[PDB]
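J.: The structure's right below; bear with me while I get my questions together.
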Amino acid sequence: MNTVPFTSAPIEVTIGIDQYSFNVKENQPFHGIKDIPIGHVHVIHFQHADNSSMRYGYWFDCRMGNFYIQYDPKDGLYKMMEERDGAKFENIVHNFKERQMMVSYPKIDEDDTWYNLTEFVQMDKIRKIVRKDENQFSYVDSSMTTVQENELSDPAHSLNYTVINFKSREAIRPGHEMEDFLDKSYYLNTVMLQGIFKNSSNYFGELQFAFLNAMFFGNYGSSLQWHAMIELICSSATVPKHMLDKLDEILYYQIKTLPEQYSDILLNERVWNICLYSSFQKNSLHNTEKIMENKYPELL
Amino acid sequence: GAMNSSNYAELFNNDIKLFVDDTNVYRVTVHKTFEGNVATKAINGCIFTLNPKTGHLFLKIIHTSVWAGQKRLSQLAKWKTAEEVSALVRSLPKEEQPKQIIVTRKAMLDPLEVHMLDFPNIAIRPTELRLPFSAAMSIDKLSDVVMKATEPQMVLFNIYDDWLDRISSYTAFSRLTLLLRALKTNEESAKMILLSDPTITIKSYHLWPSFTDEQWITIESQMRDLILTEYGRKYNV
Ligand SMILES: C[C@@H](C#N)CNC(=O)c1ccccc1
Ligand SMILES: C[C@@H](C#N)CNC(=O)c1ccccc1
């Protein structure tokens, strides 16, 4: 169980760690988060009390280094940093733990929610989508645009998600126009899975990463990516049975975790109605269809 | 964006554009089977591709053999239309290729877009107008070449005859749309108006009769009356 210490909390802020959150009062003696489960990526995220604009945060994996948070009064945000002096870090942590000024990652033992939301998300793959090679952790915020959003303006600050475009030469083989548009299996299985992603584990991971950034930061381009990756599978007549069964589990946990009062903005009516009721896979997502119908029957 | 009343004069500027109408591509007769069920029999169709500035009509005849053994024919028909329009564009010299293709039905947008991916600079546009191009098969010479076809064939016509020698494209298109609206609303009456006088003939190389300017005014008024009349006989006004 690892720890992310905080130097201090000089401004009042709501702090999230994965699906949990707590409010820290201005200058409240707070020194970080302990008992973080090893084996998963994590996200530590922030919303200032004065400016609910700009949710922002950091994806990290405590196996890759010792990370801490420190407020920067010039740039006006909580910044993640790496401490390279291993013994300095252990001594800081042990002192803050002895003084009981650390919130405890509050995982229930029955609860596999975080695993289920991050099964195929890796820190090495997150760094290939969020490019800042000098750091081992990755910053994301509400405003960052995607490569595809920019094609339609600061490149270093972009989410490089694999661009999916159903009316593009990449998606449509010459001479198979109608075939490939109405049945996207070629594009899913050959172009994306065999050619770009490399396996389904990587396709599921970017789809999971897209969802988490949409949910935690309200990142609009991330939501677009999540839905595009769902639609590409549901609109393929030929999908390996193991991928369909896994997709159903993935989406079930995403829909289960979504805050009810954000569904209006985070869920695209057209994609979900098409996917659950019209597409080739309309009958292959039993768990997802049951939770969607019992939790958001209005959208449908 | 969409083509409507507000941007109507754009049809007659000097940027090459084509209308594509697919309403006569897939044509069937519905009939009963010996067992008392219903079946369809396809008949030859056509794609109506028209340059509104010049009158040049590219009439691609769709022979019933293209449907043999195929499923979901109404959907296929849109993709077949898009395939043939794309093939036509590719066949034209670069300086003759359109800058815009306006589809008369919005369901043609995605099929045409996908087939024209190789032409990113050709805009594919819908229209808010309810244009009467379905009535093209009420022009006797066009219907005749479609029904006689025994194989796929492209036939070129000028749908304006020689009108552009005397009138502008705007006026020619307006006359065409009036004639076709009349043929669509009451084909028999409309054809009575056009051929009533045995002394006005259709030249071998033309589609419509050889009316003088004055006779065209009389004809055009008669077509308007019909379209209003029928609008009464239909709405009881
Ligand atoms: C009771 C504390 C002491 N000493 C340990 N709890 C916290 O630091 C904390 C808990 C919730 C919100 C913000 C901070
Ligand atoms: C852009 C390609 C790369 N790298 C494909 N994306 C992934 O493999 C991936 C991206 C994020 C999380 C998990 C997997």
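Top to bottom, those sequences are chains Y and G.
Just so we're aligned: the first sequence equals residues 14 to 313 in the numbering used here.
Just so we're aligned: the second sequence equals residues 853 to 1089 in the numbering used here.
Don't be surprised by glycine CBs; every beta carbon is placed ideally from N, CA and C.
1. In this structure, does DSSP put G/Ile-954 in helix, strand or coil?
2. Do Y/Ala-227 and residue 13 of chain Y have their beta-carbon atoms positioned less than 8 angstroms apart in this structure?
3. Taking any heavy atom of ligand 1 as the mark, which residues have a C-beta closer than 6 angstroms to it, listed down the chain?
4. Between which two residues does the alpha helix (DSSP H) harbouring Y/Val-284 extend?
5. Any idea if G/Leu-1080 is buried or exposed, counting beta-carbon neighbours within 10 angstroms, 16 or more meaning buried?
6. CA-CA distance, G/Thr-881 and Y/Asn-300?
7. Just to confirm, is the Cβ distance from Y/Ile-49 to Y/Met-93 under 8 angstroms?
8. For a test of your reading of the model: does the CB of Y/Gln-135 fall under 7 angstroms from any non-hydrogen atom of ligand 2? Yes or no.
9. Please list, in chain order, the residues of the region 15-39 of chain Y that have any C-beta partner in chain G closer than 8 angstroms.
10. If we define contact as Cβ-Cβ less than 8 angstroms, is G/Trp-931 a contact residue for chain Y?
11. So, with DSSP's three-state summary, where would you put Y/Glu-262?
12. Which runs of the alpha helix (DSSP H), 4 residues or longer, sit entirely within the region 87-159 of chain Y?
13. Y/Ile-185 versus chain G: which residues are under 7 angstroms apart at the beta carbon?
14. So which residues of chain G does Y/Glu-190 contact, with C-beta pairs closer than 8 angstroms?
15. Could you check if Y/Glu-219 belongs to the surroundings of ligand 2, using beta carbon to heavy atom distance under 7 angstroms?
16. Quick check on the DSSP output: the alpha helix (DSSP H) that includes Y/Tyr-216 runs from which residue to which?
17. DSSP on Y/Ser-171, reduced to helix/strand/coil?
18. Just to confirm, does Y/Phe-210 get its C-beta within under 7 angstroms of one of the non-hydrogen atoms of ligand 2?
19. Can you tell me which of G/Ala-988, G/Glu-1039, G/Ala-987 and G/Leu-911 puts its alpha carbon nearest to the alpha carbon of G/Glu-1082?
20. Starting from the beta carbon of Y/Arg-182, find every residue of chain B whose beta carbon is closer than 9 angstroms, and list them in chain order.
21. Is Y/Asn-215 near ligand 2 - that is, is its Cβ less than 7 angstroms away from at least one heavy atom of it?
22. How would you label Y/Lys-101, buried or exposed, when you count the other beta carbons within 10 angstroms and need 16 or more for buried?
23. By alpha-carbon positions, which one of Y/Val-160, Y/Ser-166, Y/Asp-167 and Y/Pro-168 ends up nearest to Y/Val-176?
24. Whose Cβ in chain G lies nearer than 8 angstroms to the Cβ of residue 352 of chain Y?
25. Compare the C-alpha of G/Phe-971 against each of G/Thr-875, G/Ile-1052 and G/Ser-943 and name the closest.
26. So, helix, strand or coil for G/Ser-943, using DSSP?
27. Cβ-heavy atom distance between G/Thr-875 and ligand 2 below 7 angstroms?
28. Compare the C-beta of Y/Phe-293 against all C-beta atoms of chain G and say whether one is closer than 8 angstroms.
29. Cutting at 7 angstroms between CB atoms, please list the residues of its own chain near G/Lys-1036, excluding the five before and the five after it.
30. Cβ of Y/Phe-194 less than 8 angstroms from any chain G Cβ?
31. Using the beta-carbon count (16 or more within 10 Å), is G/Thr-1002 buried or exposed?
32. Could you check if Y/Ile-246 belongs to the surroundings of ligand 2, using beta carbon to heavy atom distance under 7 angstroms?
T.: Short version:
1. strand
2. Because chain Y here runs from 14 to 313, residue 13 of chain Y falls outside it and cannot be looked at.
3. Y/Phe-35, Y/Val-37, Y/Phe-43, Y/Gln-113, Y/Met-114 and Y/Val-116
4. 282-286
5. exposed
6. 46 angstroms
7. no
8. yes
9. none
10. yes
11. helix
12. 99-111, 126-131 and 136-142
13. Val-966 and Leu-969
14. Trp-931, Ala-934, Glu-935, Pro-963, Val-966 and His-967
15. yes
16. 213-230
17. coil
18. yes
19. G/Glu-1039
20. Of the protein chains in this structure, namely Y and G, none is chain B.
21. yes
22. exposed
23. Y/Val-160
24. Since the first residue shown for chain Y is 14 and the last is 313, residue 352 of chain Y is missing from the structure and cannot be characterised.
25. G/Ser-943
26. helix
27. no
28. no
29. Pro-984, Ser-986 and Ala-987
30. yes
31. exposed
32. no
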